[PDB]
Structures are given as structure tokens and as C-alpha cells.
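First comes one chain, alone, set out as C-alpha cells in the form deposited in one PDB entry.
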């Protein structure tokens, strides 16, 4: 009965998605080729047109979408917003056009759900992250005061110290490159660095594991709802309802 309705049906098809995916990939491949500094002037010119085309197909797509759903209903979705900004900002002649390839995530549903699970897991680890942040800040202040005068390249100011401490937490050359040189001047520096490592590696892995365990559960419920309209009821609710059926046959057997 309606134009709008027939467009939404197009937008939401599997073929349309495949086509926009193919254009993202192509845009991506062309921006990759353009890294090649040896290119002829005409080749670069060509590739830049392919990019122009890709960007155009993107504006038609988003247009189609803002029409078929209306200004307020398109902007209802973070993903549409994201798609919109990514495409919009390219219409302002920043220099990292290649971020356009993140649209593979916004356009492919299973990929969107991976990202959604990870974003959704961030709140629940916020206290673990804050504890890490506090540990970092305190360590960076002490390292600057302790070591900044004698090791200024690594600890000369707070910024330097944070950088160095991040390197130390990743275990990268922590000993041969940082702590042994420091200990030649400050023999007890292991008393600072080895507890720092123990605590940050424990906390970071806590942070990581919390994100991953949650993100995987969220994603998995999203995949279920996407396929069947509902998710698995948690065992605890299943046992709750079993508790109810038991109450209703205990009460029924009064007489």
C-alpha cells in the first residue's frame, strides 16, 4: 500500500546487506591500495574516484533509510547514528577515512552483536577498571618522585611514568630494559616494581576475564533472541518455576 514500506523491505533484505557489505569491502580495498606510495598519478586518481563512488552509494543508502523510517526513528538507533556520522563527516573537505571500514560491524548483525556484548559488559567491570586506574596513578606519582631525577627519559614527569608503567605492566623488557638499569642506581627498586607487576597483572586479567565472560553471555542471548525472539531462561528462574509447581501440588493435596 506504501512506498516507505516497500523501501524498508529492500533495506532489510539479505541482498541489500550483501551489496552494502561489498561496497564497504571495496571502499576498504581501495583505501589500502592508496597506502602504496609508488602509485602512478592516474592510478591514484582512479582509486580516488572509486572512493567517491563508494561514498556516494553510502549517502543513497542512508537517505533511503532516513526516509523509510523518518528522522526520529532512524536516529533512534546508535548504529544508524554511527553510520550517519561516519558518512556525514566525509562530507566536509577526518583524514582516517579507513574508519569507514568499521561499518562492516554496524551492517553485519552477528558482528554488531559481538560489539554490543562488549559495550554492554563495560559497566559491570567499571569498579575493577577504576581500581586499576587508581593503582596506576599512585604508582606513576611515586615513580616520578623516586626515579624521575635519575631516570628522566622513563620517569622524568607523570606522563613518562604512566607510559613506562604501562610498558612494565605488559612485562615488555621490564627487567633487562627498565628495572635492572634502575637498580644499579637504586638497589631496592625491586620492592616497588615487583609488587606493581603482581598487582596490575592480577587486576588487568580480572578486568579482561570479566569483560569476556559477560560479553560472551550477552552476545549469546542476543543471538538467541535474534533467531527465536526469546533467550534461554537462567537455570535459577527454571528452579523458581519448579518451586511453584511444587507449591501448587502441595496446596492441592490438602484433602
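Residue numbers count along the first chain shown, from 1. Between two forms, the rigid core is defined as the largest C-alpha subset superposing within 1.5 Å.
Although not depicted, the form deposited in another entry is the subject of the following passage.
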Core superposition between this form and the one not shown, C-alpha change of residue 214 at least 2 Å: no
Core-aligned, is the CA shift for residue 229 between this form and the one not shown 2 angstroms or more? yes
Would you say whether residue 18 is displaced between this form and the one not shown, judging by a C-alpha shift of 2 Å or more on the superposed rigid core? no
So the CA-CA distance for residue 25 and residue 227 moves by at least 3 angstroms in the other entry. Closer or farther than here? farther
Outcome for the Cα pair residue 21, residue 226 in the other entry, compared with this form (closer or farther; change of 3 Å or more): farther
